[PDB]
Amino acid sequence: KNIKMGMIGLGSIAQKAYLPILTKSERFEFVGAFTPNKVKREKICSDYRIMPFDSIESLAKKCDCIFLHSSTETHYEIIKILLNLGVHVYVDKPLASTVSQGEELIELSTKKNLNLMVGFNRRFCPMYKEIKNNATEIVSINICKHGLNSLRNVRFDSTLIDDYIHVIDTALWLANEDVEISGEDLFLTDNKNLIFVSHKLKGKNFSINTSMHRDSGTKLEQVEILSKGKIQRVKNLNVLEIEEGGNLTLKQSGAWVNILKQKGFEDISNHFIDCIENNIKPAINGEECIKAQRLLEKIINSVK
């Protein structure tokens, strides 16, 4: 086929969120894959009948684009190599360890006329798109993402950039207007691990209330939009509730809608490829790749 794709990084995220969709290779040729651990590389590639490659460079030279699912700290150096070898790059969030590094990569991509897209899957979550499209005259939005036994020994800034970024990015995508921080809770363990974080993001027309508790009673995600005559909620990316006219209407995801379709991974990955096919840029480009991260760096830097 026209488009040749490779994958770099065959870790748990690649295995559960990307491989299951991309290995049904309908709109591209799956040229090969690389991961540093040779044993794991050969086993995964064998399972899917994909050609294993011995390096980032050898794979990139045979591809038009790469799905990169490596650790955040390796993004900057790997993406610089890939862009210089002329391949489009899809990478999991965040783009790079710092926004400054991200800005450098963005400029390199535009110089090379290549798409550098960050995997904010929630922007492609079908039910999130539905409530966004159907909301008019919004008065408030609430977004939360809580975890069960999710309290670990990593500094809070890592957790913010790695996970809270999804909450902030979804907020900014829904706001579709400039916002300012008007409230913050940030609770840390004695050893500086994240317990709870919350913000109020104020826009001209409404505010967004974002919240993440790492030591909650369940793993939950919810977006709730309050608008004229209506409440819309999407729970765990896959149940849609609408309160209107004094009734609560509940819609489930279809019985045969796979979980990657539900969460937006299917559509975001296919969109990345489609944009290459049609010589256009995905909406997640440029400042869109780093605006949530920029806000988080400001929050992180305000911590005395």
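Residues carry their position along the shown sequence, with the first being 1.
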Check your understanding: Where do the C-alpha atoms have the higher mean temperature factor in this entry, in 124-132 or in 78-86?
Key -> 78-86
Study note, to complete from the structure: As the entry reports it, the stretch among 34-42 and 237-245 with higher mean C-alpha B factor is 34-42
Review point. Between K263, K251, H271, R27, which carries the biggest CA temperature factor in the record?
Key: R27
Review point. Per the entry, which of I165, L114, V154, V223 tops the list for Cα B factor?
Key: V154
Study note, to complete from the structure: In terms of its chain's C-alpha B-factors, the third that includes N258 is the lowest
Check your understanding: Lowest, middle or highest third: where is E57 by Cα B-factor in its chain?
Key -> highest
Check your understanding: Once the chain's modelled residues are ordered by C-alpha B factor and cut into thirds, is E277 in the lowest, middle or highest one?
Key -> middle
Point to revise | CA B-factor placement of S100, once the chain's modelled residues are sorted into thirds | key: middle
Study note, to complete from the structure: Chain thirds by Cα B factor, record data; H213 belongs to the lowest
